[PDB]
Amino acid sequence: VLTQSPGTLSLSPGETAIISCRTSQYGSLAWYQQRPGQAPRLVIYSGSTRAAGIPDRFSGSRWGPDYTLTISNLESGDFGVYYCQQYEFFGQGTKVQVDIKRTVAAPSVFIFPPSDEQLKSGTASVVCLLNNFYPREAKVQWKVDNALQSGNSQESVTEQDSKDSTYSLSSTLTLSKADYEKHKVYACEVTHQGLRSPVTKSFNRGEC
């Protein structure tokens, strides 16, 4: 019904956060802010109408089905989860989190096939590791026999490193042992600003 994006923004105070919502439905749309350990706060309603006590820095807009919340001169108070809302429906939320500006770092990519131990219990987990990259924006696609996957993968990211200010990320393709036996080529395609070209790490089943 209401699809919000991106999932996470990584910014510093002074920068601009652009959050979006896609809706096919008719209905006044509103934006809420939620700071850590506090009740959500109405920020925009009726698409672009600033709520009381809300600075000009906060600005809503609409282009066809796409609504946008723009926060201009970011301040520590502004960080948290933002949600769009239309009648009784909400977006998944966009997390805008404090980030430390650093030189671009390309991820080194590693893929790990299912351990034999596991396959002996009817489930196959393929794992892709993107290590020590920056900025956080990164894209990981799974391909099985070259076909795009959907739904059967989960991701997980570490916080910014206190030492090198890099992010690390894991993607895990969970398949039944059945499906795992049907296909030969497993691969994760990674894209990131620090990569001249998209990188692919792959392997053939039963063939290290």
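Residue numbers run from 1 along the displayed sequence.
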- Note on the structure: Between 132-140 and 69-77, the record assigns the higher mean Cα B factor to 69-77
- Message: When the Cα temperature factors in the entry are averaged, is it 31-39 or 142-150 that ends up higher?
- Response: 142-150
- Message: Highest recorded C-alpha temperature factor, please, choosing from 52, 175, 169, 44.
- Response: 175
- Query: From 118, 92, 86, 103, which pick has the Cα B-factor that tops the rest in the entry?
  - Reply: 118
- Query: Which third of the chain holds residue 124 when residues are ordered by C-alpha B factor: lowest, middle or highest?
  - Reply: highest
- Task: Taking the chain's C-alpha temperature factors as the reference, tell me which third residue 16 falls into: lowest, middle or highest.
- Result: lowest
- Query: Based on the entry's values, in what third of the chain does the Cα temperature factor of residue 162 lie: lowest, middle or highest?
  - Reply: highest
- Split the chain's modelled residues into thirds by Cα B-factor; is residue 199 in the lowest, middle or highest one? middle
